[PDB]
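Just so you know, the protein sequences line up as chains A, B, C and D, in that order.
For the record, in the first sequence the residue sitting at position 377 is 927 according to the deposited numbering, with numbers rising by one throughout.
For the record, in the second sequence the residue sitting at position 22 is 72 according to the deposited numbering, with numbers rising by one throughout.
For the record, in the third sequence the residue sitting at position 74 is 124 according to the deposited numbering, with numbers rising by one throughout.
For the record, in the fourth sequence the residue sitting at position 45 is 543 according to the deposited numbering, with numbers rising by one throughout.
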Amino acid sequence: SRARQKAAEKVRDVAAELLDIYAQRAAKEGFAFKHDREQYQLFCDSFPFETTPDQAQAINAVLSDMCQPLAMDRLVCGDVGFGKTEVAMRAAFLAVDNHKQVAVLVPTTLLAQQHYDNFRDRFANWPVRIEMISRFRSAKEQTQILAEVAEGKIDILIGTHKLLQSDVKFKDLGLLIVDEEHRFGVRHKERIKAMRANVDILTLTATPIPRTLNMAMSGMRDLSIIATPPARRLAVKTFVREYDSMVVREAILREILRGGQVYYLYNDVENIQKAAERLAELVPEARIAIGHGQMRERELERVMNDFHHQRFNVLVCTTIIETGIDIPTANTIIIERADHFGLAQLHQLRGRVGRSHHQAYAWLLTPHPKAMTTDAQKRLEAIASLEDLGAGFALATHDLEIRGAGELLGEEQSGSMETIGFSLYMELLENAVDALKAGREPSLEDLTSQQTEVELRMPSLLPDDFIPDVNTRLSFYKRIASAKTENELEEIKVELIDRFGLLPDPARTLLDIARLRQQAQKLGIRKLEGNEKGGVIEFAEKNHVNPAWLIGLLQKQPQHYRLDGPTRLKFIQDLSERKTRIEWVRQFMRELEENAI
Amino acid sequence: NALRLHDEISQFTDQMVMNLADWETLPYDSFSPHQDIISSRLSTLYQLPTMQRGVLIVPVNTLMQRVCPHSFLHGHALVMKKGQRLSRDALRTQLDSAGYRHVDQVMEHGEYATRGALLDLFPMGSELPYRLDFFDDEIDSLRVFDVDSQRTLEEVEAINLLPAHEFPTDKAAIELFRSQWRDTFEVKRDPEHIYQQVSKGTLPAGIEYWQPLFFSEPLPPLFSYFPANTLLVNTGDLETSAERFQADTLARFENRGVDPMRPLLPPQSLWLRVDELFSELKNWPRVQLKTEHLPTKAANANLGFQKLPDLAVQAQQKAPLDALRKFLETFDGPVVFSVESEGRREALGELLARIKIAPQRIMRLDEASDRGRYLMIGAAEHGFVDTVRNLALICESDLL
Amino acid sequence: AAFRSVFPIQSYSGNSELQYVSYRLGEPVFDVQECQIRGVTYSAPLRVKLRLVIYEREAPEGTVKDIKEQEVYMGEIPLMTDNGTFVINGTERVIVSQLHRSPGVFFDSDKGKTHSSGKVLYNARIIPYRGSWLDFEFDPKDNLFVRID
Amino acid sequence: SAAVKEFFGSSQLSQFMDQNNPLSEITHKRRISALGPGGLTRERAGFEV
RNA sequence: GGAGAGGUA
DNA sequence: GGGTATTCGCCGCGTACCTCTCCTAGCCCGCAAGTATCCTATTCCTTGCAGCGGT
DNA sequence: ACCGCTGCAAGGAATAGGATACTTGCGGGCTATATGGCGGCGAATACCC
Ligand SMILES: Nc1ncnc2c1ncn2[C@@H]1O[C@H](COP(=O)(O)OP(=O)(O)OP(=O)(O)O)[C@@H](O)[C@H]1O
Ligand SMILES: [Mg+2]
């Protein structure tokens, strides 16, 4: 009964930023990469398979595109196990012999350390450094790899969201590769294109979100479908059975007698350790270990290596292996309760088995057929009806228009919710492009770095009802961020007062954030954060803060000032009212500039 | 373990290493074992009578399983490579035994031509006639020539006429299976019943388990397929594993000892027993490898193959590579590391060079010198010291 | 009667079931005239002692891990007032009695006004209390026919 | 609560009290309606019922 | 605005 | 095929007035599940000095 | 007379929680098929010859 529902928060608006990044991207020329016939031919010699023509079609679709000065944002989405990785490696190779810092993002650790091995096995003959960042790397390691990012000693970096901690200033990006893109929302996708607009982007998944599928069908982004499975891989015989340990036991005995390994989906981190022993008396003959995202971030290293070195048959696991881990020995999934899963998730679950000549059985343990809900049911005969090699894009198109693609200039990539026009998207984009290119004004994110951290946990922006015109909203944002006098803040104030009547609360708070930003830059204040419990201010090395009067504050109110670091001052104030918090920082910084020196 | 050995030995030799693709289906299953694998299965059984060398890995379940009675293998199979020393009239009388008709202008199934030096055939299996052109009691050409225009499309090295299944699927074999059904099992009126299904001619999933009813002859224990000088190499153990599997088979048999829909043959019919297995096991000389000390008698040799020391790395100690850095210093023989993967080599390549160790990748374990650090790329799992010749393997798993 | 009709309810897997102990009407939150003024039902909360078993899985059909019991509420039922009226929304309403077909089997005949003949056609309805009706009738050409619902 | 509240609130035989006497309410609580679910209707009733 | 019920001539 | 007979399905079924009560699912917000990141905190390896004994 | 040896202070490193995101599904809170008519007439089969 502790649900505690009905909140509200609209701390940021996204459409302005997404227009800004797209207008920046279309403005900047991309990079006509250099192609090598022969040095890359020796790299082609290295790959120990033979390409399908559809893989080759993807390859020459990528390469002849990436050697052009335009904007390359390509969907190389195919089906699972179709060798989709190697085309990405080929693009990376051709980019990196131009020394252009390919960035690869994966939605988990597991892909990063397996693809670390994959890339590192691939580039064993070339003077290129490939590195991986995660929580498995030590922080000491992280400090120096992010350093040699800036000196550009690392040429290829792969990582989790740990790369998008935004303190990673690269030397020269030319290529971005996203693997299994059907995560991240939108912000984690476009955070890297924010810092470099003209960079090239390669997008890999097996099951795209409907939003990028619609935008692929919009002509904004290129598409290469991959069919023609590369090998002797059949079709994972889907079996949707009501839960029975005997069926389970015979499946496990079938796999162990085959010698292969077992994926056991449980998707319940608390209860999976109980799930281990209750599976253990059912199959005492097996070798089973436990894997999820909540060991002590070293156990799973042993677990995955031991599993990959065949030290145990069965892995009970959560959806942390939904990302596509290959390990071609195993051929049997046991989905304990398939009911609460999307069809893309289901196609992925079928995706990790197979990957080989051997026939892979799939076991979809469900509740009783009336007991399963109709959503889970029609999902189950959806996946059961369509068991075909190369059926992924069919399933993705079925996912589309049943859930509806999200809005074209915002988050929430699935869901209809009455988006804006695609023709309107064209018109708004081109108006953004030529208005931005007009005076060549710097971007939003460029004026986030130059601007001091002035986040005060406020909903403070230009709301949609106040100005529906997102384009001139961005124009106002650029003029407001460009403002270098309080007087031009004032003419902007009377300007919007003229143009739209009364100014709402987020807009006027945005105005006074600009005001405090002005004196913060003017004195030398570098970082000023606040919250309910107080807040923390970071000065410069050359501040206009009185040191003697700073100690005087520390000894007149030790409960309200604590220097913890050289310029790192925590004030502790029960800041409950946002307006009084604004006047707190305003009047305080007024006294501080009364002590300006 | 077979799978492990299949690429363990592939690391450690050059000789042809090949398995037996057995039924991935379970004993008395209700599934198909994926026909093409069976097409790979019998191919092995084509060469098992005639190879003069070669490494074949089979596990105990395969030896437990019975096979085809081999007259079908010599009778309905025209897999044939270029090194088949065979005359002209020999294939004439063999395809006469197969029932083929002599047409010089082959158009229909079961036809062949043989004039001068040329032999042609049109099979019962496919829609393609083939020029053979036998030379001096041997075969020299495999010409995919036209059905009417007599022009070659492609010259082949080995022809593969394998029929689609273990059993003959022809109507006489259908009647034989019906006869053996009415001999052993019973007939009930049901369309879904497999007796009436093969009366309709169709092929159910677990059709392979009613195998011998298609031959009217006992199934071989496949050792009649054997060459005269094989050499059996015991791995793991037998007088536990075979009995264990026998228990599993009988457990499944009595478990599915129900359902006159698909009644099941006794396992003595479709399998060995452990008793007769060990009865046929004295027909061939054998090498038994065990990880224990045999004390003393003739035909034993205990080889000093001692375990590695405590080799482990840890970041808790100040210098993590202490065990290897001191174990190599006290080491007299060559040290082969045998990295599994190639780029993993550099995972050791930037790791031993931290302690100024640069092992060079060699190919053959016989290439080891008296004192040097070398490595393989292969599939080893645990290292050990060969104190007989002071050789050493330090695998990946010797470091974690 | 209704609770013994429905409860106990088994599960589909059959590893547990919910049974019933007793019921008890709560005290009304308001009385008749205050409900009359305010504009709300004169209602009693229903508090039922439900009881859920848990069987053991690996143990055979019929064993007990655990069983729980509590008084749990479901639904506001209006109480009839002291006279015969229900106060439902401040409007006193009366549920008038109905006079309907007693379930059973009823033989009948449309008295010769069909089939242009003057021949009578006897029919028989099996009328359940709750369920599907059943009709038998004679054809004008003496053929017995059935229809469901 | 829905299947009770609908019937006691708005049903075919849950009717408003005729309450302009003692007699009117006491002859309304004793009323025997042949209408309702499971019964006949006002415009589909013959001379005989 | 639509159903449901009751009423008058 | 054609002719008559039965059978199914739609067409209608009074006007005017007054009073009263009652007219819902869906969807999306936030919970659950998962995944990743960011902290303090407290626990835990680990080592140096302090001091205590030994010939 | 001090060397050598262990015990605890220190001090950090890690790891263990607590928050911050992102994906699916679901539930609640609002809020955006019933069985009791009948006669007439006409079109559409049923059957029979
Ligand atoms: N041209 C080819 N011919 C035969 N087999 C191939 C070929 N290309 C790739 N393969 C095999 O198919 C497998 C596909 O795995 P990989 O992860 O490389 O691509 P993918 O599975 O399509 O990508 P994802 O893991 O994102 O689904 C590879 O492990 C490789 O062994
Ligand atoms: Mg009158």
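Ideal placement from N, C-alpha and C gives every residue a C-beta, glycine not left out.
Same chain, Cβ closer than 7 Å to residue i, five either side skipped, listed in chain order
{"i": "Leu1066(A)", "result": "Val1004, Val1135, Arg1136, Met1139"}
{"i": "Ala744(A)", "result": "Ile571, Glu995"}
{"i": "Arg782(A)", "result": "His907"}
{"i": "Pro119(B)", "result": "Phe265, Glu267, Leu269, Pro270"}
{"i": "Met130(C)", "result": "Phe136"}
{"i": "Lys131(B)", "result": "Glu207, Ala208"}
Proximal residues to residue i (C-beta, below 6 Å), its chain only, five neighbours per side dropped
{"i": "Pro598(A)", "result": "none"}
{"i": "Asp199(C)", "result": "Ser182, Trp183"}
{"i": "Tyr975(A)", "result": "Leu958"}
Assigned exposure category for residue i - 16 Cβ within 10 Å defines buried
{"i": "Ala582(A)", "result": "exposed"}
{"i": "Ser774(A)", "result": "buried"}
{"i": "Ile88(B)", "result": "buried"}
{"i": "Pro779(A)", "result": "buried"}
{"i": "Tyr123(C)", "result": "exposed"}
{"i": "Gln1109(A)", "result": "exposed"}
{"i": "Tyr62(C)", "result": "exposed"}
{"i": "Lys1092(A)", "result": "exposed"}
{"i": "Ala653(A)", "result": "buried"}
{"i": "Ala297(B)", "result": "exposed"}
{"i": "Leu353(B)", "result": "exposed"}
In DSSP terms, what residue i is bridged to
{"i": "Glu1003(A)", "result": "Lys1077(A)"}
{"i": "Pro95(C)", "result": "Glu126(C)"}
{"i": "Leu914(A)", "result": "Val790(A), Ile885(A)"}
{"i": "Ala955(A)", "result": "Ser964(A)"}
{"i": "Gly154(C)", "result": "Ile177(C)"}
{"i": "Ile1063(A)", "result": "According to DSSP, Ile1063(A) bridges with nothing at all."}
{"i": "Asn284(B)", "result": "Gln338(B)"}
{"i": "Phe195(C)", "result": "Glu187(C)"}
{"i": "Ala163(B)", "result": "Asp170(B)"}
{"i": "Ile59(C)", "result": "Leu68(C)"}
{"i": "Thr762(A)", "result": "DSSP output for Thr762(A) lists no bridge partner at all."}
{"i": "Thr753(A)", "result": "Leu625(A), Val728(A)"}
Near ligand 3: residue i beta-carbon under 7 Å from a heavy atom
{"i": "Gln607(A)", "result": "Absence of ligand 3 from the depicted structure is noted, with ligand 1 and ligand 2 being the only ligands included."}
Cβ-based neighbour list, residue i, same chain, cut-off 8 Å, excluding 5 preceding and 5 following
{"i": "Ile695(A)", "result": "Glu681, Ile683, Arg687, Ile704, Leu707"}
Contact set between the segment 63–79 of chain B and chain A, restricted to residues whose Cβ is under 7 Å from the partner
Taking 7 Å as the Cβ-Cβ cut-off against chain A, the residues of the segment 63–79 of chain B that qualify are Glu74, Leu76.
The segment 60–75 of chain C: which residues have C-beta closer than 7 Å to a C-beta of chain A, in chain order?
From the segment 60–75 of chain C, only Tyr62, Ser63 have a Cβ closer than 7 Å to chain A.
Near-chain C residues of the segment 508–520 of chain D (beta-carbon distance less than 7 Å), N- to C-terminal order
Answer set for the segment 508–520 of chain D: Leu511, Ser512, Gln513, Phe514, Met515, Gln517.
Can you list, in chain order, the residues of the segment 375–391 of chain B whose Cβ is nearer than 7 Å to any Cβ on chain A?
Answer in chain order: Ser391.
Which residues, taken in chain order from the segment 689–709 of chain A, show a beta carbon closer than 7 Å to some beta carbon of chain B?
If you check each beta-carbon in the segment 689–709 of chain A against every beta-carbon of chain B, none falls closer than 7 Å.
Under 7 Å (Cβ pairs) to chain C, residues found in the segment 517–544 of chain D:
So the close ones are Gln517, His526, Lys527, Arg529, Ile530, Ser531, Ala532, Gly534, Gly536, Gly537.
Which residues, in chain order, does the segment 114–138 of chain C contribute to contact with chain D at a C-beta distance below 7 Å?
Listed by position, the residues of the segment 114–138 of chain C near chain D (Cβ gap below 7 Å) are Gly125, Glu126, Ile127, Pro128, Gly134, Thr135, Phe136, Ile138.
Contact residues within the segment 897–918 of chain A, judged by C-beta distance below 8 Å to chain C:
Result list: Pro917, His918.
According to a CB-to-CB cut-off of less than 7 Å, which residues of the segment 804–826 of chain A neighbour chain B?
Identification of residues in the segment 804–826 of chain A having a C-beta nearer than 7 Å to some C-beta of chain B yields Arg804, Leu807, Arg808, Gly809, given in sequence order.
Select from the segment 834–848 of chain A all residues with a C-beta closer than 7 Å to any C-beta belonging to chain C, and list them in chain order.
Within the segment 834–848 of chain A, contact with chain C at the beta-carbon level (separation under 7 Å) is assigned to no residue.
Please name the residues in the segment 143–174 of chain C whose beta-carbon is closer than 9 Å to at least one beta-carbon of chain D, in chain order.
Hits within the stretch, in order: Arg143, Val144, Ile145, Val146, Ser147, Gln148, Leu149, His150, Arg151.
For the segment 249–272 of chain B, enumerate the residues whose C-beta is nearer than 7 Å to any C-beta of chain A, in chain order.
Residues are counted here when their Cβ sits less than 7 Å from a Cβ of chain A; for the segment 249–272 of chain B the count is zero.
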